[PDB]
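J.: If you read the sequences in order, they're chains A and A'. A prime marks a further copy of an entry chain. To convert a position in the first sequence, counted from 1, into the entry's author numbering, add 101. To convert a position in the second sequence, counted from 1, into the entry's author numbering, add 302. Backbone N, C-alpha and C fix where the C-beta goes; we use that ideal spot for every residue, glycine too.
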Amino acid sequence: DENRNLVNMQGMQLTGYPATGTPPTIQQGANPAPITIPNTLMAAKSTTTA
Amino acid sequence: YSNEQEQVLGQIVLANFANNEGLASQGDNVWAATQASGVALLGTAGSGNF
């Protein structure tokens, strides 16, 4: 939906563990929350390894 | 044109919706935006979303 949640036909929001960090990962310590699939942009990254 | 030159006259726009299922059928295969579909997000063929 427009809120970037995954919703059923009644508008209820599918839940799961959020991703955190950079790179983003899923932790074992997490509270389930509405899944989001953001459209938003990525930041540009300066290279630190090659 | 017959002088062996060309002129750009315009560029067709395309639209996309967050929720196509929300669009109001107007008959034939023509549709109107609704609160359910979201606003049209515009672009051009061969760029970005299209």
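1. Do the region 130-140 of chain A and the region 105-112 of chain A touch if we need at least three Cβ pairs shorter than 8 angstroms?
2. Just by C-beta distance, which residues in the region 312-332 of chain A' are closer than 7 angstroms to chain D?
3. To which residues of the same chain is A326(A') closer than 6 angstroms at the C-beta, ignoring the five residues directly before and after it?
4. For the region 335-348 of chain A', list every residue whose C-beta sits within 8 angstroms of some C-beta in chain A, in sequence order.
5. Figure out for me which residue from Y118(A), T149(A) and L142(A) has the closest Cα to the Cα of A131(A).
6. Answer yes or no: do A320(A') and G345(A') have a C-beta to C-beta separation smaller than 8 angstroms?
7. Got a sec, what are the start and stop residues for the beta strand (DSSP E) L344(A') sits in?
T.: Answer, in terms of the structure:
1. yes
2. No chain D is part of this structure, whose protein chains are labelled A and A'.
3. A334 and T336
4. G340
5. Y118(A)
6. no
7. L343 to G345
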